[PDB]
Amino acid sequence: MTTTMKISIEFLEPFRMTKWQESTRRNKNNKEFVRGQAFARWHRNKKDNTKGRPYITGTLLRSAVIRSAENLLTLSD
RNA sequence: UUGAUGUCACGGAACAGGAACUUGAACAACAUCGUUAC
């Protein structure tokens, strides 16, 4: 019914990560959740204990692919 | 550990001001050590 395509990205430069926020101040009114939306995120299991790993939102990769498609469709009319 | 119809964060130089400085003839004469004797 569905087909899975596994991808992997590899960096050539030191990337940048954002801070950890709480589940309350995670809306459009906080000025630290915005301005940190184009970076990687830090997920910590069992909150109130800084122990976890980084990850990357899939919506950000979707937006980048959309921008690349917009820029590639204007070259072939 | 995201949710979708809308992310210019490669949109932003850790930058800007503060004398390791001040003072000094490579020169020269009087002793050191304690007890003996009635």
# chains A, B, ... in the order shown; residues from 1 in each chain; ligands from 1

$ select_by_dssp --residues "chain A" --states "strand (DSSP E or B)" --output "list in words"
residues 17, 40, 41, 42, 43, 44, 52, 53, 54 and 55 of chain A

$ write_last_selection --atoms "C-alpha atoms" --output "short mmCIF file (atom, residue, chain, number, x, y, z; two decimals), in the first residue's frame"
data_model
loop_
_atom_site.label_atom_id
_atom_site.label_comp_id
_atom_site.auth_asym_id
_atom_site.auth_seq_id
_atom_site.Cartn_x
_atom_site.Cartn_y
_atom_site.Cartn_z
CA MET A 17 21.09 23.59 17.61
CA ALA A 40 18.03 21.08 15.06
CA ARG A 41 16.17 20.12 18.23
CA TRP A 42 17.20 18.44 21.48
CA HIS A 43 14.87 15.76 22.83
CA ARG A 44 15.32 14.57 26.41
CA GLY A 52 18.75 12.84 25.61
CA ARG A 53 19.80 13.19 21.98
CA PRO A 54 19.37 15.59 19.04
CA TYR A 55 16.97 15.19 16.14
#

$ interface_residues --of "chain B" --to "chain A" --cutoff "9 Å" --atoms "only C-alpha atoms (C1' of nucleotides)" --output "number ranges by chain"
B: 1-4, 7, 9

$ write_last_selection --atoms "N, CA and C atoms (P, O5', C5', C4', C3', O3' and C1' of nucleotides)" --output "PDB file, in the first residue's frame"
ATOM      1  P     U B   1      10.050  16.145  23.374  1.00  0.00           P
ATOM      2  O5'   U B   1       9.313  15.404  22.172  1.00  0.00           O
ATOM      3  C5'   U B   1       9.964  14.364  21.452  1.00  0.00           C
ATOM      4  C4'   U B   1       9.663  14.434  19.977  1.00  0.00           C
ATOM      5  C3'   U B   1       8.616  13.447  19.481  1.00  0.00           C
ATOM      6  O3'   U B   1       7.921  14.023  18.378  1.00  0.00           O
ATOM      7  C1'   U B   1      10.668  13.016  18.409  1.00  0.00           C
ATOM      8  P     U B   2       6.555  14.831  18.616  1.00  0.00           P
ATOM      9  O5'   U B   2       6.454  15.801  17.359  1.00  0.00           O
ATOM     10  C5'   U B   2       6.986  17.115  17.406  1.00  0.00           C
ATOM     11  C4'   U B   2       6.992  17.750  16.040  1.00  0.00           C
ATOM     12  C3'   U B   2       5.645  17.810  15.336  1.00  0.00           C
ATOM     13  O3'   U B   2       4.939  18.986  15.689  1.00  0.00           O
ATOM     14  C1'   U B   2       7.334  17.019  13.853  1.00  0.00           C
ATOM     15  P     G B   3       3.337  19.041  15.651  1.00  0.00           P
ATOM     16  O5'   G B   3       2.975  18.863  14.114  1.00  0.00           O
ATOM     17  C5'   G B   3       3.176  19.924  13.191  1.00  0.00           C
ATOM     18  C4'   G B   3       2.672  19.564  11.818  1.00  0.00           C
ATOM     19  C3'   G B   3       1.159  19.392  11.698  1.00  0.00           C
ATOM     20  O3'   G B   3       0.737  19.839  10.415  1.00  0.00           O
ATOM     21  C1'   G B   3       2.232  17.415  11.017  1.00  0.00           C
ATOM     22  P     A B   4       0.337  21.373  10.171  1.00  0.00           P
ATOM     23  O5'   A B   4       0.760  21.630   8.662  1.00  0.00           O
ATOM     24  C5'   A B   4      -0.210  21.987   7.688  1.00  0.00           C
ATOM     25  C4'   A B   4      -0.019  21.222   6.404  1.00  0.00           C
ATOM     26  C3'   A B   4      -0.917  20.000   6.230  1.00  0.00           C
ATOM     27  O3'   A B   4      -1.233  19.853   4.850  1.00  0.00           O
ATOM     28  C1'   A B   4       1.333  19.335   6.123  1.00  0.00           C
ATOM     29  P     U B   7       6.796  27.589   4.010  1.00  0.00           P
ATOM     30  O5'   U B   7       7.530  28.175   5.288  1.00  0.00           O
ATOM     31  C5'   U B   7       7.313  29.519   5.691  1.00  0.00           C
ATOM     32  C4'   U B   7       8.485  30.061   6.465  1.00  0.00           C
ATOM     33  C3'   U B   7       9.806  30.086   5.705  1.00  0.00           C
ATOM     34  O3'   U B   7      10.588  31.186   6.162  1.00  0.00           O
ATOM     35  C1'   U B   7      10.029  28.731   7.610  1.00  0.00           C
ATOM     36  P     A B   9      15.177  30.741   5.958  1.00  0.00           P
ATOM     37  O5'   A B   9      16.204  31.437   6.948  1.00  0.00           O
ATOM     38  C5'   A B   9      17.577  31.541   6.607  1.00  0.00           C
ATOM     39  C4'   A B   9      18.406  32.067   7.751  1.00  0.00           C
ATOM     40  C3'   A B   9      18.887  31.021   8.754  1.00  0.00           C
ATOM     41  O3'   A B   9      20.203  31.355   9.194  1.00  0.00           O
ATOM     42  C1'   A B   9      17.649  32.683   9.876  1.00  0.00           C
TER      43        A B   9
END

$ select_by_dssp --residues "chain A" --states "alpha helix (DSSP H)" --output "PyMOL selection string"
chain A and resi 58-73

$ atom_distance --atom1 "CA of residue 24 in chain A" --atom2 "CA of residue 47 in chain A"
13.5 Å

$ atom_distance --atom1 "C1' of residue 6 in chain B" --atom2 "CA of residue 70 in chain A"
13.3 Å

$ residues_around --residues "residue 48 in chain A" --least-positions-apart "6" --cutoff "12 Å" --atoms "only C-alpha atoms (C1' of nucleotides)" --output "ChimeraX atom specification"
/A:20-22
